[PDB]
Structure formats: C-alpha cells, structure tokens
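As structure tokens, the next two blocks hold two forms of the same chain, structure 1 and structure 2.
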Structure 1
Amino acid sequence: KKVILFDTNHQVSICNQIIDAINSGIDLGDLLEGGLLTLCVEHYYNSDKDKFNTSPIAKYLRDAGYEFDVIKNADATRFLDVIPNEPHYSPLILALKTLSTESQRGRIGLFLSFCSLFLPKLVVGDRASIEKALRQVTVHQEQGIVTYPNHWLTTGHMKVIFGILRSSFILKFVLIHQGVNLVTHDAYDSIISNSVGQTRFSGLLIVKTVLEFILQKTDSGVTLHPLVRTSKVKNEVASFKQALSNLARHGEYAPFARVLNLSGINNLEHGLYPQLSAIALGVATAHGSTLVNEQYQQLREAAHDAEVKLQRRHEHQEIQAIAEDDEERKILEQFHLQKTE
C-alpha cells in the first residue's frame, strides 16, 4: 500500500492545482491518496520531509501499512510536472491540461476545514453528511470566523467532497488526529476540532448511550442500571463489555472506529444487542438525548417510563436524606445548648 508524496519548491501552487482537480470533479484515481497527503503535509509541516517523517501522523500511518516514496522535482511549478508518464496516467494528464486561478496559501487549510465538516455524519451517508455540513457552514460563517466560496456550497460540489473524504482513510485520519490533539493553533484547527468533536461515536451511539446512561464507573466497580439487571439483557451486557474492550486498543481513536473503519467494529452493531439498545435508548430519551430505532418498541417505552419514575425517586430520596442529616444537626446543637445549661 504505497502512497505518493510530491516534493517541490513551488508547493503552494502545486497543492492548489490538486484542489482544483478535486473541485472540478476530476477523478484522481489511484493517485488521490497521495494528492491528499501532500496537502496535509504542506499545511501542517511546510512540506518539510524531515518534520513530517518524525510526526505522530506518519508513525500511525506506517503502523497501518503505508510506506511513502517521495517524488522530488524541486524545479516544478504545475501539478502535471510531478505526474509520472504512462498511458495509465495519461487520461488524468488529459483532464489536468483542462479546467482555476492561482490562490493563496490559506486555501489549503480552507479546503481541509471544509472536509472536516462532513465527518460528524459521514458514516450515515450522502444526505445526512451534506445536510449537517451546510448546518455547520452557517454556524461558522455566522460566527464570522470563516467564509466559504458559494460554488463550494452546491449539491454537486458537496457530493464530490463527501465521496473524496469517504474513500480516503488518510484524510479522515489526519483531520481526526489534529482535532483530538489540538495544542497551543489557528482556527482552521478550531473548526476541525469542533467537527471532530461532533464526530465522537459517530456510528457508535449504542456505545455512547450505554456508557452515558447504563454503565457508570465507581470506586470501585462498573455498575449496571437497574432496568438491565435481568438474565437475558445481562448476556448482551457481557457481549457489549467484550466488544467495547476490543475497541479500547485503539486508544484516543476508539470513538472514531466506525469513521476510520478500525479493526473490531463488526462486533459493535446495534443489531447484536437488541434488548440492551432498547433499554439504553429508553433511558436516554427520558433525559432528552437523541433518537431509526417495533418488536422492541414496548421495551423502549417501558424503559423510558420506568426511568422517569426512578429519577424522580432518586431526586426525592436525595432531598430527604439531606433533611434527615439536618434534623440530626439540630438535635446535636440542642445537645450542646443543653449540656451547658
């Protein structure tokens, strides 16, 4: 799994032409992954081969099977110059000798920040990811921290970027890494970080709802929600615990295992835990979280109705316990008033 790196002295110009090809719907084919990596290496590392080779992104990507082969051509200006010659790359070279204007360096991180907006709903598909990206474009452009060209905001262009991000593990990984590991930091980073944050457990909301509502760590032990203590659901809990432990091996990248297609995700499908999912969703909705789900609809409604009653019991009990501690205080204060009297 080799991926091409283009190294020249006219990097900003070469990079914008890769964006130009992508934006025009030119199919880069089996050169797309290296076209995208060059952008990421240009944006975050100034095309410094030494600075990138020692970075955490390059070390993880090598842990995933990638090996890089740089194509030095420092005397090159146009993206066509670094495309190797072959009648296989000739159809690409044809479309590159066709179709914009030289742009700023900012366009590179403008482009990457635009891609990150598709991450929160990427695993759902074409429509949800684009409808959410447009929602975030308004938020950021209302914030006034960014403005995107209007020709980037048409359905036909945002469909291109969805497909580009969907097929690129490198592009998805780089954005997720930079978004989890923000440091001391432009606001291309803050958009990517906010996008990556909204992507946590995308395609893994069963994990999220169980962790938030069903399981809770204590000192010591991991306790079960009362509605779950039952023979049939207890085995789904055992299987969920096993499967969730498998994702833990990915570390900080575990909440993005569905986005990144990490090893161990087929065991964490909501179908594998029908009862545990319905109860967890029952309990989630009782607090006002989020909804696809009727063979388990009565299980979910019963869990919702029980959880409302249980939380109200917990609130009432917690108030009475404080009152009982206070009555004790008044007796001890009457005690100290009476013993010196």
Structure 2
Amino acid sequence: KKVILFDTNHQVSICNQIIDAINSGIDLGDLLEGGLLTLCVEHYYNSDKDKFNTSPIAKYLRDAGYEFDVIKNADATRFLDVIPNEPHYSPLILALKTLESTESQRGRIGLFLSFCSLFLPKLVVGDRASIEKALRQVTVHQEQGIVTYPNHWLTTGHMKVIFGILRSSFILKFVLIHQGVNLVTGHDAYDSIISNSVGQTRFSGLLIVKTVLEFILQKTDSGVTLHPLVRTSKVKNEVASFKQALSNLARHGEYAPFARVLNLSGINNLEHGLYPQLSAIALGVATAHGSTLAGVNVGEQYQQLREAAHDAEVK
C-alpha cells in the first residue's frame, strides 16, 4: 500500500496539472492515489511534510497500512516531469504530453475537492444516484453564491469521470470525510461545502440497521437494555451475530457512520436481512411509537413476534 507524494518547489503548478489530467479523464493508474494525496497536502498543509505528519489524517492512513513515498524533484514545473521513468507509465506520459493546461488560480484545488464532495451522499447507491444528487446540490451552492463550478463540470460525461475517481480512491474519500467532520471555520471557503455534503453522507447504507438497533433497545431504571424478546433462545444466534457485526463497525469509531461509503472492513453482515427476528421486534416497537421502518419488510412467519413486540410496547 505504497503511496507516492510528489515534492517540488512549484507544487501549485504540479497540482493543478494533476487536476487537469483528472478532469480530462486521463487514467493515472497506480499514481492516482498519490496524485490525489499530493493535491490534498496543499488544500490543507502547503506541502509541509512536518505539519502533515502530525495530522489525524496521516495517523489514520498509517494505522490503515499506508506508507508514503516521496518523489523529491525541486526544479520541475510539469506533472510530466515527476512521473517515474518506467515503461509502465508510457501511455500516461503520452496522454500528459498532449494535455490542456491553462494558468491555474489557487481556489482550484479547493474548488475541485468541493466538487468531489458532492458525490458522497449517494456514492454507494451507484453513478446515477450519486450524480443526480450532486447536480441538485450544485444548484443549492450556486444559488447561495458559494461557488459556481465551470459549466462543463456539470455534464454527465464529466460527472461520471468524478464519481469513478471517488469509487477508486480510498484516500480522497477519507480526506473529505475527515475534514468534513472536523470543520469549525474551515481551511478556506471551499471547506464548508465538504462539511455539508459529508453531513448528508452520515450512515449512508447503514440507516436501516441503525434504526433496527434503536428499536430493540429499551430504557430501564437499571440503564439501557436489549428488549426482553431479543434475549430469548430463538434469537440467540442472531443476537450473537448482530453483536459481532456491530462490534466490527465500532472499531471504525468516529468514521463508523461513513463505513459503507469508505468500504471499511467487517461490515458484511450488517444487512438487516440477516436478522429477521430482530427486524420483527424493532418493527413491533417502532409501530407503537409510531414509526414505519421503511425498508424493513417483515416476513410472514415472524409476524406473531412483531405483534408480541407491539402489544407489549403499549403494555
């Protein structure tokens, strides 16, 4: 899991050219993630290695197994110049050799990251859903005068490129979600878009299981407990499984609302599908308060235990 950062004295040049290349649909191959990290070390740290090595961003990516490698080259203005000299970067070298690159203003890194952040809220549902959402949200930020993206970023062709970059990059998505959740005033104006989108990504693909959980929990004199019917012998397997799945999620700590968007490990058994008895009981309990667990279909053989949970939540 080696990630190459690029280190030059004209970082802003180098960076905006990586953005040009991403916007042009050029495939950076294995240099993608270290391209995108290299960006990020600017919107947040001026290419200062020392300030980056102390951030909670760097600690998490190391705790996740990443190790950063560095291309020191001081005297070079083009992204072209920082690509290592290997046959396997030839077709990338070729594409970069011919690419468009206008003079680049500094809002642009930030502007780019803000735009990527708009795909998060529905990323896990697929391209169509991530793109229609992001397009509705461009309308809100444009209308607020917060930003106007270039009009050509708003085509489905361009948007598909960006969505695929997001699916492809763990690091990109994580920088966004972290800086998202730790914003107060932000690094700059582009940061509050990121936070707002990231706020709307919270429990994406974890909302139904989250709800089922909520409704199998009861208040008591002696603290918060599981509901009595959950602690019976017919539910013992499901409870043990659910708990192990739930314990896997809680390893992700503050990033656990974003586990599925980040594809974090150990959440494969958090489908509410797998716990039909627990789904029934949450339903029973929800209906008495009186929610409708939307997406929780209660199969017909578990209907009695739903009733049991409902009748006894009123009692």
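Residues that one form lacks are left out of the comparison. Every residue number counts along structure 1's sequence, beginning with 1. For clarity, a rigid core is taken as the largest C-alpha set superposing within 1.5 Å between two forms.
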Position with Cα shift of 2 Å or more, rigid core superposed between structure 1 and structure 2, options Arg107, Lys241, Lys159, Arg78: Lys241
C-alpha of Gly221 moved at least 2 Å between structure 1 and structure 2 on rigid core: yes
Threshold 2 Å Cα movement between structure 1 and structure 2 for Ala133, core superposed: no
C-alpha of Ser231 off by 2 Å or more between structure 1 and structure 2 on rigid core: yes
Per-residue C-alpha deviation between structure 1 and structure 2 [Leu281; rigid core superposition; Å]: 7.5
Cα shift between structure 1 and structure 2 at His250, which is computed once both forms share a superposed rigid core (Å): 1.3
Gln178: CA movement between structure 1 and structure 2 [superposed on rigid core, Å]: 0.2
Moved residue ranges in sequence order between structure 1 and structure 2, Cα 2 Å or more, at least 3 long, core fit: 185 to 187, 207 to 246, 273 to 291, 294 to 309
